[PDB]
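This document opens with one chain alone, in structure tokens, the form deposited in one PDB entry.
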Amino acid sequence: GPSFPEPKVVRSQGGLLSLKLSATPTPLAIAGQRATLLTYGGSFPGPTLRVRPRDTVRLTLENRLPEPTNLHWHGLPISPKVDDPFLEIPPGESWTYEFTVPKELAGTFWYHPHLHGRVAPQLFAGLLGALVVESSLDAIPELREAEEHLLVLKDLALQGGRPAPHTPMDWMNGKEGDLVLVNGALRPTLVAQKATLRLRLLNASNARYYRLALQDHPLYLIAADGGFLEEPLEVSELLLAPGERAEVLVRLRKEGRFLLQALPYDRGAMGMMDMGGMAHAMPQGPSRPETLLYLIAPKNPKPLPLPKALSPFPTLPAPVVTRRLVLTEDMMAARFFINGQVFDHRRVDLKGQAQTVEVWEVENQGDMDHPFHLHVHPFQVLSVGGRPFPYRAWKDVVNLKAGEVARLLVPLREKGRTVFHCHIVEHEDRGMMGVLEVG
């Protein structure tokens, strides 16, 4: 196949993407080994769905797992009556998700399970895929002439030819695996044919962070989770927390081999030690560095100029309410809280008004990083840790290190009941989720 493995793409046809996908245990070859994973569409990752604004999506999910499951259309500002976090598809049963892609939308999104208490094992086992919304902006020469690739960043651990089971420590920290893969491949080689690359990045890991850096090169950030920036932003590195997406341009500077790495990063994961009267928690410290892929530049690279502009960010109405959402931890219990409570699907935590804007202050009072996700209503990050964000773009996950406060501008869009939760999915399963009702 092509030197660089990427998931199969399924494209809408005549404005309709109609597809039947089964969630199924699937024997496959993974990183040189045979394993049985849980997959959509018989592959890991699942197929990439590629659509345009105003397309109709009609996706019938058949559940061939021994437990119930469902789908979250992560990042899509659609109705929570479609992206329904409370729906359960029993084993053997099917459900059809039908929605129209919003007109003002572009970027890299994804789909994965969201059945409370079962997300972490299902996601860890291989149930996820990407969804790309193509934009008229993709036609500008500076993007059209770039070489485009999707990178799905997901790690895995195998035991007896199956995904390794969750330990108690896994429920506390979120599970990370030793196989650090890109598109399900182990350190693939990307042999660039053009001097400018456009890379869509997705962190579909349960808990692993990717502190991304390309040897000898900066990255040019052009989109965040849910849409384009207003103009490219040069960065030396880019941290992608679980659930986050980004799009970057890479401008290859000279011939040669360059490593794309996940640099050491300490997300506050914890171990246990006994030093002669202990039996107490101790920091794991930073992750060991990982090579994600080998990037070979072409002969005499002459990259395109950067686009001068991307998409102007909408001017939002003045906000009508300010919310405060405090995250805390009980590590030894592996319990996680928002404003002192664990999730209860029958309990509404916030009630807001559609078409108004809110300010959400989300404060991490724990010691671990927590990546905060809100369904249905993309937001603009104003600041985190008291530092103003250096760009305007739509996001739907924001990472908070210990002690940090994020201030978000949240326009409420579709009416209905939805959720917000930590996207270290173990923490969500263990209670770190709440309910927002929009009317």
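For the two forms, the rigid core is made up of the largest set of C-alpha atoms that agree within 1.5 Å on superposition. Only residues modelled in both forms are compared. When you see a residue number, it is the position in the sequence shown, counting from 1.
One more form of this protein exists, namely the form deposited in another entry; it is left out here, but the text below deals with it.
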Please look at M278, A354, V320, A333 and say which one has a C-alpha shift reaching 2 Å or more between this form and the one not shown, core superposed. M278
Looking in that other deposited form, are the Cα atoms of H423 and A281 closer together or farther apart than here, the change being 3 Å or more? farther
Just say closer or farther for the C-alpha distance from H280 to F336 in that other deposited form, relative to the shown form; it changes by 3 Å or more. farther
Send over the list of consecutive residue runs, 3+ long, where the C-alpha shift is 2 angstroms or more at every position between this form and the one not shown on a core fit. 1-3, 274-282
